[PDB]
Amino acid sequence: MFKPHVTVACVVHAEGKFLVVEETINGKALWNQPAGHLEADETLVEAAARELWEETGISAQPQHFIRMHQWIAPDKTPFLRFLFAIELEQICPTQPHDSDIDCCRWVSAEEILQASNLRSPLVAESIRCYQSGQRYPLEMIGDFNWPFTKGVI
């Protein structure tokens, strides 16, 4: 029963800008994609939608799967990190609902690529991947005979 830490992230893109959330780790203001831990009884995409809401008050469904990164953090924590893409027709207001989050900012790709205050190296990596331009359907990591309810219409 080895079990990894499973997380989801969102690359949220609007007019040449990527949504980043700021957070103080221990003493330091760091940037990340809107992300978090997968929960019980929840679908990956539902995780991602939730996390997006909690950290940014933005309420939007993920559009495409981009990729998953398997990595160990330097505290030695094992993650499987699933990265999604959400395109929006325009930038929108943000307000976090999760006190972990100090503020949100919309920033350019170069501003994330060049930055030194990133939560972890995968923050940068997610942009490279997104910029590559290859996207994948959501069903490809989809639930199967799932017992609980999901969306509607």
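Numbers for residues come from their place in the sequence shown, where the first is 1.
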Next item on the list: Taking the mean of the C-alpha B-factors per stretch from the entry, tell me the winner out of 56 to 64 and 96 to 104.
Entry: 96 to 104
Item checked: Between the two ranges 105 to 113 and 82 to 90, the one averaging a larger CA B factor in the entry -> 105 to 113
Checklist line | Of the residues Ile141, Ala9, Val12, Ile25, the one carrying the largest Cα B-factor as recorded | finding: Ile25
Next item on the list: Can you work out whether the C-alpha temperature factor of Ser132 puts it in the lowest, middle or highest third of the chain?
Entry: middle
Notebook entry, point to check: What third of the chain, by the recorded C-alpha B-factor, contains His37?
Noted result: middle
Check: Once the chain's modelled residues are ordered by C-alpha B factor and cut into thirds, is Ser126 in the lowest, middle or highest one?
Finding: middle
Next item on the list: Taking the values exactly as deposited, rank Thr43 by C-alpha B-factor within its chain and report the matching third: lowest, middle or highest.
Entry: lowest
